[PDB]
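Here is the structure we will look at.
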Number of protein chains: 2
Amino acid sequence: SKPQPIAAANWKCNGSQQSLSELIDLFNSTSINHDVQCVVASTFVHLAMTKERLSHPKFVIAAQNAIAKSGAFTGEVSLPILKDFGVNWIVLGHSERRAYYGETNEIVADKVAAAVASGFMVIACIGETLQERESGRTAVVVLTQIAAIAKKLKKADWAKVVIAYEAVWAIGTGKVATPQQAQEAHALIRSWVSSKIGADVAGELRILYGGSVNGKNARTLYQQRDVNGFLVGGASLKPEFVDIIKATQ
Amino acid sequence: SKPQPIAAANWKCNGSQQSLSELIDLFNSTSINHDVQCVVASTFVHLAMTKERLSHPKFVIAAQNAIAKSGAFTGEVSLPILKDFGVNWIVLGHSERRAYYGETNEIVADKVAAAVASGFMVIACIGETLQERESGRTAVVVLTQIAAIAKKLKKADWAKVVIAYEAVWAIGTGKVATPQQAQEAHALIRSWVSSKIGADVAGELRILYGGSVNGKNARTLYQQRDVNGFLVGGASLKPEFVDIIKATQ
């Protein structure tokens, strides 16, 4: 049977204090009558306000990135700073950081391992580009990405890990994975984990889909066997994020 | 006469809420009897606290980095978000970001121009490494860095710019540039601005020194004709930062 689902709002590099305050008020009023972990990943600047204003007990706050250690890293935020700030969830390896900000499979893996060692719950992101998908390389790309993560973890660490599978080619392009595409990617991931890490870990692992999830398409994705919730970008800045939450019943 | 000096604290990726709040308490209680712009550049997470707590009229808050626009840039903070948050100073092109985080001369220049267009005061950092210095390439490296920044600015924009010359081989290593080394680098930078931009702009520009500035060495550096204050890393996390402020006369 499925583990507790997750509905993760990745606000990306967006928001004003007023627009996010208004959105948080809507989140606080949503009536959620099943077990689902909701996650709001704000920019670093907005963590203070989001922590203060977000009070719905089924929601937690997350960061969108970090580096492993404090020190002479002008502009970056470290895991200990986030831990001191009361943030215990983090998104790492997002496709935009892999593309834009130098995060290779190994750099992602090392960030993930450092965040687990610090005590975080980690949404570790993987996923293939349009060119990878079109040329038949989805499986080798996704498996290589997760193998790098696994290399740096031990079996018991997986209790603190969530995988987000991103159809990278669906982000911002007017495309979306079909339920069969999402299912086949999640099933591949899960089977690899079962065989490399253990059947017990694989059954408990949450694997989330990202790439144009919205209030209308969420239920049809969620009802697939190996989908445990969503990594939501654009729709998480909108009232219909609550419909995405409701789709994980 | 020299232009108004600047004492800039670059906390880098350091601090707890409590340890930084205690530094702010010290700054708030400090008596300063000359004109000096003090700047506190904290991590993004700590901006809310510093905005609420810092009250000294000679101090402003700053960010340590940004990207130009909001959007699908997971993990980053943009200029519009900082502007909405009430942050009007920013450090850009710091040596650590040039080294670790992909910031070429051109990326630094484009960030600086975007910040100036968005209304910010900008501390734009340049400086050569140990290998560049040992190779005799200090002049070509530093002049090429500032030339890239200047290509994206207009004459009027220099009123919003401050240059920080970092002796990169002196960052964190506890061995400061001698007075003569700093003065010669600063005089070279100014001569460029004078020739390329104008004698007026050159004479008003603040050129700050960074690299192991501390309470004990700051006054002697400040006596040099082309030094207009300091970009302070390690000592800005310590009580002696106040002595570095007092040294800017």
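In order, the residues displayed for chain A correspond to 2-250 in Swiss-Prot numbering, which applies throughout.
According to its header, this structure was worked out by X-ray crystallography, 1.1 Å.
Every residue, even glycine, has its Cβ placed from backbone N, Cα and C.
Features as listed in Swiss-Prot:
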ACT_SITE  A:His95  active site, electrophile
ACT_SITE  A:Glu167  active site, proton acceptor
BINDING   A:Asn11, A:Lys13  substrate binding site
Site with most surrounding Cβ atoms, counting all protein chains shown within 10 Å, from the recorded positions A:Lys13, A:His95, A:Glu167: A:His95
Rounded Cα-Cα span from A:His95 (active site, electrophile) to A:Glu167 (active site, proton acceptor), Å: 8
Cβ atoms near A:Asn11 (substrate binding site) (within 10 Å, other residues, all chains): 28
Residues from the recorded positions A:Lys13, A:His95, A:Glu167 that lie close to chain B, Cβ under 8 Å, in sequence order: A:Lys13, A:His95
Alpha-carbon spacing, A:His95 (active site, electrophile) to A:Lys13 (substrate binding site), which is rounded to whole Å: 10
Secondary structure of A:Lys13 (substrate binding site) (DSSP, helix/strand/coil): coil
Per DSSP, three-state class assigned to A:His95 (active site, electrophile): coil
